[PDB]
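As a convention, Cβ positions derive from the backbone with ideal geometry for all residues, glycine included, and neighbour counts pool all protein chains shown. Each answer follows from the model by the rule given with it, or from the source it names; these are not laboratory values.
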Amino acid sequence: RXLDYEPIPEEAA
Amino acid sequence: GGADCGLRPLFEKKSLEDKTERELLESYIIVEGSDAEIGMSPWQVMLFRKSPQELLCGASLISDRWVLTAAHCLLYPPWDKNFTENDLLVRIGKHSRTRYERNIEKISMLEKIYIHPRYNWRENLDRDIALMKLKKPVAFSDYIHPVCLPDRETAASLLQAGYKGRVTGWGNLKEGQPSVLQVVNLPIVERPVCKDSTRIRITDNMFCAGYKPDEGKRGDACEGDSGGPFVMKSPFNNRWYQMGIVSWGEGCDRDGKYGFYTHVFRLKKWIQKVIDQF
């Protein structure tokens, strides 16, 4: 190595 | 901010101790981790992607406008990765991995990214370090607070084989994903042992940590954790210092293998230089 999420509202981006 | 660095609002400031910090102090002379306490790592940052809304790496807050991370999180040609300021955003003050924490977390845009000029992605990730300047300063709170950068003497006394440090992150739990921030305390390992565990050429700008096969205990960082902080609590002034940055490893929690970390102090002059000019 080497390198489910709720969307972010438009309160930043 | 940096004069009140390393003192957590919910712990040191109130004279309260977290569940496992005694383990670190007793040694002074994320796979297999556990859920972090609220406000346990107020400098933990989430490097987030704007296009497919995704967690990329961990990072850390060193001041109101500067975030520290691993350079491989931003540039890694072997995998066709080369992110610019506008492809990313940082989420500070988080505990939940997937949830947008309304009224708690803060999101910032990047103004400028600085990758170490001698970062060696071609071979062994030598000088795996990068700084990110936030477009606007972040306000501190009970969940947002910077960690301290070590000085010569702190590095000297704390960076010793057997001394335990702490790694935190929202990465993979095995080589699925955690619901909240994970934490694991790991002992620093002797350089000869680090060298003898891999074919990769390790440099002075790295150190490895983890338990040896015979020690019984386990634990390691994993995908999703890189770029994150390896911190230690100074027994002299009670502040938390970032000694390393989760760099690379061969797999996660493999027997006989160790996680490698960027040696923050050895690259401190580069850090100061960047912040003193930009």
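Applying the criterion of being more than 11 Å from chain A (Cβ to nearest Cβ), out of contact with any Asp or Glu (no Cβ under 8 Å at 6 or more places or on another chain) and buried (at least 17 other Cβ atoms within 10 Å of the Cβ) to the residues of region B:33-48, the residue that is farthest from B:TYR261 (Cα to Cα) is B:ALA36.
Here B:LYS174 meets each of (1) outside any loop (DSSP other than H, G, I, E, B); (2) within 18 Å of B:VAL246 (Cα to Cα); (3) of a type outside the set (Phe, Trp, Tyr) with one exception, condition (1).
Cβ separations smaller than 6 Å between residues 6+ apart or across chains give the following pairs from chain A residues that are within 12 Å of B:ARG91 (Cβ to Cβ) to residues that are surrounded by 10 or more Cβ atoms within 10 Å (Cβ to Cβ): A:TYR5/B:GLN53; A:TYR5/B:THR98; A:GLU6/B:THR98; A:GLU6/B:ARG99; A:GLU6/B:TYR100; A:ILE8/B:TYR100; A:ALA12/B:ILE107.
Yes/no matrix, rows are residues, columns are (1) more than 18 Å from the chain's Cα centre (by Cα); (2) buried (at least 21 other Cβ atoms within 10 Å of the Cβ):
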position: B:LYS50; (1), (2): yes, no
position: B:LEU56; (1), (2): no, no
position: B:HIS72; (1), (2): no, yes
position: B:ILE113; (1), (2): no, no
position: B:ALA130; (1), (2): no, yes
position: B:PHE140; (1), (2): yes, no
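Restricting B:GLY210, B:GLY216, B:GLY162, B:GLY171 to those that are of a type outside the set (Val, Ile, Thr), assigned by CATH to the domain that holds B:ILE245 and closer than 28 Å to A:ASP4 by Cα reduces the list to B:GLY171. Within region B:96-110, the set of residues being within 11 Å of chain A (Cβ to nearest Cβ), under 25 Å from B:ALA36 (Cα atoms) and not acidic (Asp, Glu) comprises B:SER96, B:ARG97, B:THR98, B:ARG99, B:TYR100, B:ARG102, B:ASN103, B:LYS106, B:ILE107, B:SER108.
Among the residues of region B:126-144, just one is within 14 Å of another protein chain (Cβ to nearest Cβ) and among the acidic types (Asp, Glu), namely B:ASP128. Regarding region B:219-231, can at least one residue be identified that is surrounded by fewer than 16 Cβ atoms within 10 Å (Cβ to Cβ) and not acidic (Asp, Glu)? Checked against the condition, which is being surrounded by fewer than 16 Cβ atoms within 10 Å (Cβ to Cβ) and not acidic (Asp, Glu), region B:219-231 yields no hits at all. Within region B:249-278, the set of residues being closer than 12 Å to B:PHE207 by Cβ and touching a strand residue (DSSP E or B) at 6+ places or on another chain (Cβ under 8 Å) comprises B:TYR258, B:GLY259, B:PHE260, B:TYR261, B:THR262, B:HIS263, B:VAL264, B:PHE265. For region B:49-62, the set of residues classified as within 27 Å of B:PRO9 (Cβ to Cβ) and either more than 9 Å from every other protein chain (Cβ to nearest Cβ) or in contact with a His (Cβ under 7 Å, 6 or more places away or on another chain) (or both) consists of B:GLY58, B:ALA59, B:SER60, B:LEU61, B:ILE62, listed by residue number. Is it the case that region B:190-205 has a residue that's exposed (fewer than 15 other Cβ atoms within 10 Å of the Cβ) and at positive phi? Taking every residue of region B:190-205 in turn, none turns out to be exposed (fewer than 15 other Cβ atoms within 10 Å of the Cβ) and at positive phi. Of everything in region B:1-60, what is over 16 Å from B:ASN238 (Cα atoms) and in contact with a helix residue (DSSP H, G or I) (Cβ under 9 Å, 6 or more places away or on another chain)? Give them in sequence order. Of everything in region B:1-60, those that are over 16 Å from B:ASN238 (Cα atoms) and in contact with a helix residue (DSSP H, G or I) (Cβ under 9 Å, 6 or more places away or on another chain) turn out to be B:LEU47, B:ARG49, B:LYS50, B:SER51, B:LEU56, B:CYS57, B:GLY58, B:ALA59.
Which residue is nearest to B:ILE245 (Cα to Cα), if the candidates are limited to region B:70-95 and must be touching a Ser or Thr at 6+ places or on another chain (Cβ under 9 Å) and more than 9 Å from chain A (Cβ to nearest Cβ)?
Checking each candidate, the answer is B:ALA71.
Filtered by the rule that a residue be within 13 Å of chain A (Cβ to nearest Cβ) and surrounded by fewer than 20 Cβ atoms within 10 Å (Cβ to Cβ), region B:115-125 gives a lone residue, B:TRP121.
Entry remark, region B:207-219: residues being on the phi < 0 side of the Ramachandran plot and either within 14 Å of chain A (Cβ to nearest Cβ) or in contact with an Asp or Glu (Cβ under 7 Å, 6 or more places away or on another chain) (or both) number 3 in total.
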